[PDB]
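In: Pasting the sequence and an experimental structure:
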Amino acid sequence: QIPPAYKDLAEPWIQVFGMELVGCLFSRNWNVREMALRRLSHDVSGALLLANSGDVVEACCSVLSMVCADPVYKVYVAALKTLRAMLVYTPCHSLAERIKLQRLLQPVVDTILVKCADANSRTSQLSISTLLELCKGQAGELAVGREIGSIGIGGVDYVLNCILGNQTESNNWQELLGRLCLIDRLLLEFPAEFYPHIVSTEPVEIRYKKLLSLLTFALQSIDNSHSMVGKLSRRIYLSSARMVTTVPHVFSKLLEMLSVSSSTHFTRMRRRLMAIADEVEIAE
């Protein structure tokens, strides 16, 4: 049975997937929810195949924005398998269709971003791995239309927009920490995307715009009153500085950005980068 508060949200789901299955999504028995999602993955696969689709992708994304928040790990896994099953049969051949899919999925990525900072490693690691796979676009396991020439969802740039978007709402400590946890893994996983100088083949603000957008975000919470939000924000910035010692003009920009404020952590941060600069003999 569907609780009264969810009647309007569930109605489009029912229209597409039928009352029986949607009811199971709300079951109190996690086995029933897990089984419902296993069935949903097949329902969605079969419906999308039938379109050699809009209603189906929309209702599936809507379901997934709910169940990807499920606190039961085995249900979350089933939810993520449904997400993959949808993506590989989804038709996306035009920038218009890309924009539409990006918006429908944004609430789903939001739920996953939160769980990147779940206390439990297997849940955070699966969440991080999922969004890293999304970053790989049409060469990853979440490629759009993988099972049937798709233009894909937008890879890293799309995930970056999700990380950096809707900041006035997705700003509690765990929503920030999950974003920061993913940011730290992005810089580690795809260094060439953020540190162009490592590919051996124009101004700093332009060439490094992607990195600078993530360090700007990090700087907004280096003073956060949650210990791990604050620590990871600072540690991200210090690691980036270490990475750009081979390119002093970039290092200079990071030091410059720490003049936007005289608060203590900026001062501390600035003295830390001065120290790295001396250690490595780039103090000009």
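Out: That came through, no problem. Residues are numbered from 1 along each chain as shown.
In: Please count neighbours and contacts with C-alpha atoms only from this point.
Out: Noted.
In: Hmm, residue 131 is touching residue 159, no?
Out: Yes - contact between residue 131 and residue 159 holds when scored by C-alpha atoms under 8 Å: they sit 7.3 Å apart.
In: Neighbour count for these two, which is higher?
Out: residue 159 (23 against 20; other C-alpha atoms under 10 Å).
In: Now the more buried one: which helix or strand?
Out: Assigned by DSSP states H and E, residue 159 falls within helix 155-164.
In: Starting from that helix, tell me the next helix or strand along the chain.
Out: helix 173-189.
In: How about residues contacting that next one?
Out: Helix 173-189 is touched from outside by 113-118, 128, 132, 163, 170, 194, 214, 218, 226, 228-229, 232-233, 236, with contacts defined as C-alpha atoms under 8 Å, 6 or more residues apart in numbering.
In: Among these, the buried ones, what's the ChimeraX command?
Out: Selecting only the buried entries of the contacts of helix 173-189 in ChimeraX, with 16 or more other C-alpha atoms under 10 Å as the criterion:
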select :113,114,115,116,117,118,128,132,163,170,194,214,218,228,229,232,233,236
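In: Pull up the gap between the closest residue to residue 205 other than its chain neighbours and residue 230, please.
Out: Counting by C-alpha to C-alpha, 6 or more residues apart in numbering, residue 205 lies nearest to residue 212, which is 7.4 Å off, once chain neighbours are set aside. Separation of residue 212 from residue 230 (C-alpha to C-alpha, to the nearest Å): 18 Å.
In: Check residue 72 too.
Out: 29 Å.
In: more crowded one of the two?
Out: The neighbour comparison of residue 72 against residue 230 (other C-alpha under 10 Å) goes to residue 230, with 22 against 15.
In: in terms of contact, does that one touch residue 217 like I think?
Out: No - in this structure, residue 230 is not within contact of residue 217 by C-alpha under 8 Å, at 11.9 Å.
In: Alpha carbons of the host helix or strand of residue 61, as PDB, please.
Out: Using DSSP H and E, residue 61 falls within helix 54-67. Extracted C-alpha coordinates of helix 54-67, given in PDB (Å, rounded to 0.1, in the frame of the first residue of the first chain):
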ATOM      1  CA  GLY A  54       9.900   9.700 -22.400                       C
ATOM      2  CA  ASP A  55       7.200   8.700 -19.900                       C
ATOM      3  CA  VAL A  56       9.300   5.700 -18.900                       C
ATOM      4  CA  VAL A  57      12.600   7.500 -18.300                       C
ATOM      5  CA  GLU A  58      10.900  10.300 -16.400                       C
ATOM      6  CA  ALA A  59       9.000   7.900 -14.100                       C
ATOM      7  CA  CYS A  60      12.000   5.700 -13.600                       C
ATOM      8  CA  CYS A  61      14.200   8.700 -12.700                       C
ATOM      9  CA  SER A  62      11.500   9.800 -10.300                       C
ATOM     10  CA  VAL A  63      11.400   6.400  -8.600                       C
ATOM     11  CA  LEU A  64      15.200   6.300  -8.400                       C
ATOM     12  CA  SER A  65      15.400   9.700  -6.700                       C
ATOM     13  CA  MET A  66      13.400   8.000  -3.900                       C
ATOM     14  CA  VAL A  67      14.900   4.500  -3.700                       C
END
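In: separation between the residue sitting furthest away from the middle of the chain and residue 259?
Out: Distance from the C-alpha centroid of the chain peaks at residue 284, with 38.1 Å (C-alpha atoms, centre = their mean). Using C-alpha to C-alpha, one gets 18 Å for the distance from residue 284 to residue 259.
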